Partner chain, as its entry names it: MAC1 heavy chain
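Just the one chain here, laid out as C-alpha cells, in the form solved without its partner chain.
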C-alpha cells in the first residue's frame, strides 16, 4: 500500500478504528452499522435491534397498539429489560412527543416480537414527519439512501434482533459481519442544533 513518491519521501497510509471504543463504553451510546440500502442496525449495551425501511407494512393501525406516551413505548419489547436504546434512538431521530404524529407497535404476546413501524410516505399528512425522520436517519447513518418513491406508499420498521420479524439476518450473522461506523456515533452524541435535526 506504500509506493515511492519522490527520492526518499514515500507515500504511507494509516487506518484507525473506533468500533472498540463504541463497544468499550457501549452504555449511554449505541453503535450504528448499515448493512445495505434497506437494512440498518443498532446495538445498545447487550441488545441489538434491526432498522428496516421499505414499502411493506405487516402492522396495521386498526386492531393494534399505538404508542403515544414516551414512557409506555416498551410494549414492542418481549424481553422488557430496558427500552432506553429505542427511546434514545427515537428522540435522537428528531421525533417529538408533545405534538408529533405517533408510531405503530405490536403486542409482546404475539410471536412476531417488536415491530415498531413509522409512516414516512411522501403523501398527504405525511410529508411533515417522514421527511424529518429521513433527515434524522441521514444524520445518524452515514450512507443513508431513500428507497421510497414520490407519490407512493412507503414505511419504516424497527425490530429487535432474534425475533421472527428480524428473521435469520440477526444473531451471529449480519450484526457480526456489520462494521460500526464511528462517524455515526460522533454525529449521534453532538447537540448543537446546527445539524440536520
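Residue numbers count along the first chain shown, from 1.
There is another form of the same protein, the form solved in complex with its partner chain; it is not shown, and what comes next is about it.
Item to check | Non-hydrogen atom contact residue 167 with its partner chain in the entry with it bound at 4.5 angstroms | outcome: Result yes; residue 167 sits at the interface with its partner chain in the entry with it bound.
Checklist entry - So, 58, 63 and 106: all three within 4.5 Å of its partner chain in the entry with it bound by heavy atoms, or not? => result Yes, the whole candidate spot contacts its partner chain.
Next on the checklist: Given a 4.5 Å distance limit between heavy atoms, list every residue of 110 to 135 close to its partner chain in the entry with it bound, or none if there are none.
Outcome noted: Going through 110 to 135 in order - heavy atoms within 4.5 Å of its partner chain in the entry with it bound - the hits are 110, 111, 112.
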